[PDB]
Amino acid sequence: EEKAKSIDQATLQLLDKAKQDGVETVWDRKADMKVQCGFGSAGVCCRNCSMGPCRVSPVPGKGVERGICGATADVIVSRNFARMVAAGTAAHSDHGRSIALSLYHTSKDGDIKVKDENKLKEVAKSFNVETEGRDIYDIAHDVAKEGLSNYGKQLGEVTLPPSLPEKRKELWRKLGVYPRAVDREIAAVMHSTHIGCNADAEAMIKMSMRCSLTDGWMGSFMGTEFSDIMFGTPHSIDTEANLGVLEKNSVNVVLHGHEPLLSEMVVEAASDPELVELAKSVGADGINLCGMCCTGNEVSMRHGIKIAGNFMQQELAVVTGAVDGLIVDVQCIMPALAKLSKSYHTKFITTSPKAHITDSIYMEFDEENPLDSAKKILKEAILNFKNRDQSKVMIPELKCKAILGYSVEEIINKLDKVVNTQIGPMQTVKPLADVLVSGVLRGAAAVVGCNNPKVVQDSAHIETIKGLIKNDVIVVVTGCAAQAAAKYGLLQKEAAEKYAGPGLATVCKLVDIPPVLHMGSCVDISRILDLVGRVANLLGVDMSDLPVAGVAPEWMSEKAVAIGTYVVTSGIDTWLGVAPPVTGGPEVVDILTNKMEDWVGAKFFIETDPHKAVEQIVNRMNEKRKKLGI
Amino acid sequence: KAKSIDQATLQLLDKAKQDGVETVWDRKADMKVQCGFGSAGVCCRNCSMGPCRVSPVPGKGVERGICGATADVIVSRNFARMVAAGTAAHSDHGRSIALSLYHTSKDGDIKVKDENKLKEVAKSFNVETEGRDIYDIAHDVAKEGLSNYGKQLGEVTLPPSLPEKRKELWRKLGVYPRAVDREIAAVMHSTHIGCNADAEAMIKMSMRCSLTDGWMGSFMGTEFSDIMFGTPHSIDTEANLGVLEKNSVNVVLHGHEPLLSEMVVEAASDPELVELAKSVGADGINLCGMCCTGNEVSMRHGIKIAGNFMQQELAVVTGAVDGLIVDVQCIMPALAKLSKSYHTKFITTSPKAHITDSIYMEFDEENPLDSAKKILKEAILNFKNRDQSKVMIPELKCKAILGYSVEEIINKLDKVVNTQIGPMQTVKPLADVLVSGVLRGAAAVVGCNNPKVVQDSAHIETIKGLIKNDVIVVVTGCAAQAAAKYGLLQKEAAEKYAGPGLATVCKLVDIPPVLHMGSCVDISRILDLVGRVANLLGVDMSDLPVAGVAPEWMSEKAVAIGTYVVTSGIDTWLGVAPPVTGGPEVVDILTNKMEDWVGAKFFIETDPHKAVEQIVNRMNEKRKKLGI
Ligand code: SF4
Ligand code: SF4
Ligand code: SF4
């Protein structure tokens with residue numbers, strides 16, 4: 001009663017209906033967990049071998065100080081942080097690997113085609129793949145094979161994108177964190193955290209750092225570019241967000257998860273004449289496709305597919321009683337959805353052999369016959385409309401307009417508007433660099449990440465975003481933070497005069513954009529690395545020299561720890577709104593929040609007060625601006 | 001309540017107390033009652049919504065984690081990350097050996113010592129050998145081995161001794177292995193919040209991952225080590241702490257990777273370093289090994305074995321170790337603090353395993369022998385700092401025989417081959433005694449030490465109970481070094497402890513009743529031996545009277561080992577309970593349903609006398625089912 005469950009009204013309406021229905025939510029289980037383990041919470045519990053469990057004092061000089069094998073608190077903490085990075089990298093690795101495999105199976109008349117040939121041709125140059133006088137699918141398969149070798153090559157060097165500054169690469173080499181193959185780095189961390197291996201906090205964190213780079217500049221980067229090649233590069237597009245996008249008289253099919261091939265094929269199947277007529281024959285007005293979380297962002301960026309909600313609204317979407325099919329693939333799918341859906345007519349469908357869930361309907365997605373497979377899954381959801389009980393349906397009359405589709409290419413297209421045809425060239429990030437250098441924009445910040453019941457859901461996202469724009473810091477968003485901004489109304493051109501400071505409101509008016517730009521899913525944080533890297537190269541500096549920052553105000557996942565680590569290792573200061581489990585390791589805290597700056601020019605900041613985080617980001621950018629002389 | 005059954009160990013445990021230094025046994029006692037949640041496997045820390053803990057008792061207390069994960073979901077994921085971690089330790093080990101095979105050369109530090117084996121292994125990888133330079137074949141084979149760690153398209157290469165029935169069974173079950181590092185990433189991905197929440201699907205993913213260790217990572221490591229360093233053959237050595245010499249420079253190799261220990265063995269015979277040892281006042285250089293790096297150089301050179309996992313601190317407490325050179329895995333970080341109470345130089349050599357307050361001397365794999373010589377010289381010069389008044393080396397050591405590769409076992413079995421009836425160079429004589437019942441079965445006793453078990457007591461009790469019941473025993477790792485210290489690795493142990501059938505086979509074949517087949521990656525030699533017998537009898541490995549036992553296991557590598565031994569069709573007994581009691585479905589999958597999937601299952605038995613009765617009854621069940 002001192003603290004609300006959420007700032008969103010639709011969410012609070014469906015939290016009351018969930019209580020009345022006698023169903024359980026993530027908030028209830030959070031409360032049932034009561035006081036969470038102080039050892040685990042400080043990172044000082046170890047279970048890396050059956051001599052354990054071990055727990056050491058999170059207060060140095062008192063209590064039990066070493067694990068049975070001899071591991072100190074700093075060793076136990078730093079190995080635990082490293083497995084979070086390895087696990088997060090593994091989630092993005094398999095995401096990207098699946099996309100590179102889909103690129104390898106493309107064909108002229110097949111279900112998966114090349115929609116951006118110009119983007120394929122430029123990506124090919126980065127992989128030294130010839131394009132002159134060749135069939136577009138021969139180039140596609142060559143590029144897929146070269147991308148696949150980044151996951152498992154054992155000899156030679158990995159391929160990294162051209163926007164990554166040479167200064168940053170040299171810095172990584174001298175530090176010993178230059179990335180090797182994606183899966184090879186994940187195995188390296190899992191090996192070194194084994195009992196009787198690494199027992200040195202600095203060496204362990206540097207291993208984590210190296211691993212995390214295989215995510216941001218490889219697995220996530222390739223996943224975004226390859227997705228663009230096959231499904232199209234995003235451009236500005238309108239959509240609507242929040243649970244009010246569900247329709248009582250239509251068939252509501254909610255896509256949840258992260259992999260783009262499935263939801264791209266379900267979007268195509270939704271326009272199939274037979275399934276369109278089927279929807280009419282079951283008594284509906286048509287098919288209403290909605291997305292949640294990253295797959296939702298993915299199809300919303302490319303097709304304007306309505307966004308039903310973010311991470312902690314997934315159960316509440318089912319509580320509306322209007323979801324006929326909930327089609328999921330992998331990552332961030334609460335297993336509670338299987339039990340919750342037993343209280344409604346909703347068919348909870350699992351499609352990935354990487355993520356089976358007991359008591360869910362398994363309908364394996366056949367990546368060899370994608371559209372036929374998506375048609376079969378969609379048909380089950382349509383037929384389920386007949387089992388709806390309209391008397392128990394409750395869709396809050398709350399939704400918001402939102403603008404998104406801000407790829408690096410689209411941001412550059414919009415900047416061309418303020419370019420003088422004579423003085424300068426078109427199609428560059430120079431107009432953005434010009435406002436940052438002049439001080440019309442103080443800086444640029446990325447607000448990313450999940451929800452976490454430790455924070456009033458969406459409160460820290462909105463208060464952080466709003467304060468950074470008020471202070472003339474242009475903001476770019478991805479993931480559930482971007483959906484929190486969408487639902488609230490920050491992704492609108494009108495938000496500029498309503499919330500932004502003087503410089504950012506003026507730039508918005510001139511460039512005709514909102515003050516917050518939705519750049520996509522969590523793999524699409526790679527677009528932000530790309531944008532910052534292009535600006536760095538244009539000003540002939542490293543990324544750590546620029547007034548930029550990253551913020552993860554309500555993070556939860558191991559992916560978010562891999563993201564935070566690769567943003568900092570790449571030279572961008574990162575603020576965490578949820579403390580990672582490290583307080584019990586004084587040397588780890590000092591490495592992350594201090595010595596790190598001496599290694600990569602950036603460091604972590606842990607701040608659970610969004611108002612104080614904004615003050616710290618603004619002061620940090622002002623120090624970097626002075627050091628850079630702007 | 002005894003800390004150990006070994007006298008030399010107990011002598012040094014008294015000197016450790018008198019010196020005021022702590023040991024693994026003291027830190028075990030300081031840990032008091034270990035967490036019940038973590039012990040039952042019902043704590044979860046896979047995301048920052050946690051820590052979560054659920055009731056290990058169904059129907060009582062908190063039943064789901066904040067994301068909705070049940071106890072079976074939390075337990076199965078935690079077990080799977082142990083396998084993935086255990087696979088990653090053997091993966092990097094093997095990957096490093098394949099990279100060393102790729103860098104071999106006629107006049108370089110690393111050569112091809114077994115050309116015949118290279119040419120046979122090259123055949124398994126579809127690498128041409130006729131009319132080719134041995135180093136071109138070597139490099140092709142190394143590249144084909146390396147692609148088993150990371151290939152994204154195509155199929156992996158598996159050994160010829162793996163029966164077609166077993167491969168077929170894995171395909172239909174959905175656990176046929178993919179690339180080693182691809183599978184480790186698959187388990188880490190599927191255990192991430194909001195992915196797999198199904199116990200059977202998660203254990204099957206762990207089973208699939210473990211096979212990339214036992215039949216790929218470890219198997220390649222062992223074969224490639226044989227190629228470059230020579231296949232083991234019968235050899236004598238001495239075991240236990242009494243192998244240390246007060247008047248020599250004692251250099252103890254501890255860790256797992258064979259290249260460094262091979263290079264230190266070569267460096268120890270360098271005339272300059274031999275003369276340097278005499279100039280600092282020593283009789284010479286006394287090389288000893290501990291744990292798996294010890295098992296590797298002992299199997300190939302007869303290098304003396306100072307001790308096993310829980311003896312590593314006690315070797316330093318002797319006050320006689322001038323240099324303790326280590327690479328990776330099972331190296332207790334307490335060795336850095338412990339060494340500071342003596343003159344010992346605790347040298348870390350691998351960037352994969354840095355240890356705070358240790359002396360880091362990076363092993364240069366581009367100049368292996370020069371690098372080894374520099375490291376060894378430091379240890380020799382440190383003899384000048386010895387304090388002979390603090391030295392106490394127990395007058396306790398044992399003779400041991402080892403070097404039982406599959407090739408050497410076959411060479412010994414030729415002694416009981418009838419020139420007319422049958423062919424030589426096959427496992428048929430072993431299959432014949434198993435079928436006749438002169439040998440009831442064959443068991444592998446493997447694994448670590450764990451302070452939850454009186455050190456070495458469960459290893460010895462298990463092995464003795466099995467050889468007494470005519471079950472021939474094969475050993476690796478710290479279980480093999482427990483047997484070495486005790487005196488079971490001797491031809492004389494047959495009359496003392498073996499049953500009548502096994503005693504006869506031992507007299508005829510001229511072998512001890514307990515066969516040391518190497519290090520932990522050399523468990524792949526056991527898979528290879530069992531698979532060859534299966535194929536010779538035209539059956540699957542689950543049809544044979546064989547078993548695996550890890551009486552005092554501790555590491556994530558042992559969980560990976562147990563999982564691929566069971567997935568390969570060999571029943572496995574565990575002497576230390578894994579963290580699964582809180583997941584009823586997981587316990588049913590591991591100790592029951594598993595048998596329906598792969599023809600073998602886990603058995604959890606902390607009483608070695610009960611484990612021997614169960615293994616014997618189980619083999620008699622399988623013998624009856626097979627009709628022998
Ligand atoms: S790794 Fe070391 S601290 Fe960890 S559970 Fe094993 S003995 Fe304990
Ligand atoms: S195993 Fe560890 S983190 Fe988990 S509840 Fe127990 S002490 Fe706390
Ligand atoms: S994964 Fe589920 S059970 Fe594990 S800590 Fe995160 S919320 Fe809790």
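In listed order, ligands and their atoms are each counted from 1. Chain A is the first sequence line, chain B the second, and so forth, proteins listed ahead of strands; every chain is numbered from 1. Heavy-atom basis, side chains included; hydrogens, waters and symmetry copies ignored.
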Fill in the blank from the handout: Quick note on ligand 2: atoms under 4.0 Å from a heavy atom of A/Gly40 include exactly 3 (S)
Handout entry: Interfacing atoms of ligand 1 (cut-off 4.0 Å, heavy-atom, A/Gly67)
Key = 3 (S)
Exercise for the section: Evaluate the side-chain proximity of B/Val21 to B/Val317: yes if any heavy-atom separation is below 4.5 Å, no if none is. Expected result: yes
Problem - Distance filter under 4.0 Å to B/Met49 heavy atoms, resulting ligand 3 atoms - result: 7 (S)
Exercise for the section: Identify the two heavy atoms, one from B/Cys448 and one from B/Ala558, that lie closest to each other, and give their separation to 0.1 Å. Expected result: SG-CB, 4.2 Å
Handout entry: Proximal atoms of ligand 1 relative to A/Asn48 (non-hydrogen, under 4.0 Å)
Key = 1 (S), 5 (S)
Practice task
Taking A/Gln36 for its side chain and B/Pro51 for its backbone only, find out whether a donor-acceptor pair lies under 3.5 Å.
Solution key: yes
Practice task
Give a yes or no on whether B/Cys67 keeps an N, O or S atom under 2.8 Å from atom 2 (Fe) of ligand 3.
Solution key: yes
Practice task
For atom 7 (S) of ligand 2, find the nearest protein heavy atom and state the residue, atom name and distance (0.1 Å precision).
Solution key: A/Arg55 NH1, 3.6 Å
Problem - Closest approach of any protein heavy atom to atom 1 (S) of ligand 3, naming residue and atom - result: B/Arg77 NH2, 3.5 Å
Practice task
Report yes or no: does a heavy atom of A/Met33 sit under 4.0 Å from some atom of ligand 3?
Solution key: no
Exercise for the section: Mark yes or no for whether A/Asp329, through its side chain, and A/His258, through its backbone, hold a donor-acceptor pair below 3.5 Å. Expected result: yes
Problem - Any donor-acceptor N/O pair, A/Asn451 side chain to A/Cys480 backbone, under 3.5 Å - result: no
Completion exercise
Ranked by distance from atom 3 (S) of ligand 2, the top protein heavy atom is B/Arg45 NH1, 3.4 Å
Handout entry: Any N, O or S atom of B/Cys44 closer than 2.8 Å to atom 6 (Fe) of ligand 3
Key = no
Exercise for the section: Pick one of side chain, backbone, both or neither for how B/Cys35 approaches ligand 2, counting any non-hydrogen atom pair under 4.0 Å. Expected result: side chain
Fill in the blank from the handout: Scanning both residues in full, the closest heavy-atom pair of B/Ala458 with B/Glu552 reads N-OE2, 2.9 Å
Exercise for the section: Please indicate whether B/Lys337 has more than 12 foreign heavy atoms, meaning atoms of other residues, nucleotides or ligands, lying under 6.0 Å from its NZ. Expected result: no
Fill in the blank from the handout: Closest to atom 8 (Fe) of ligand 1 among protein heavy atoms sits A/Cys54 SG, 2.3 Å
Fill in the blank from the handout: Taking only non-hydrogen atoms of B/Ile193 and a 4.0 Å limit, the atoms of ligand 3 in range are 1 (S)
Completion exercise
Taking every heavy atom of A/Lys354 against every heavy atom of B/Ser190, the minimum-distance pair comes out as O-OG, 2.8 Å
Exercise for the section: Give a yes/no on ligand 1: does B/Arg27 have at least one heavy atom closer than 4.0 angstrom to it? Expected result: no
Practice task
Run the numbers for me: atoms of ligand 3, each under 4.0 Å from some heavy atom of B/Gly50, listed by number.
Solution key: 5 (S)
Exercise for the section: Please determine if A/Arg29 and A/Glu315 form a salt bridge, counting it only when a charged side-chain N lies under 4.0 Å from a carboxylate O. Expected result: yes
Practice task
Would you check if the side chain of B/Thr348 reaches a backbone N or O of B/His354 as a donor-acceptor pair within less than 3.5 Å?
Solution key: no
Practice task
Could you check atom 6 (Fe) of ligand 3 against the protein and tell me its nearest heavy-atom contact, residue, atom and distance included?
Solution key: B/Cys47 SG, 2.3 Å
Fill in the blank from the handout: Within the 4.0 Å heavy-atom cut-off, what A/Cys45 brings close to ligand 2 is side chain
Problem - N/O donor-acceptor pair under 3.5 Å between A/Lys30 side chain and B/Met49 backbone - result: no
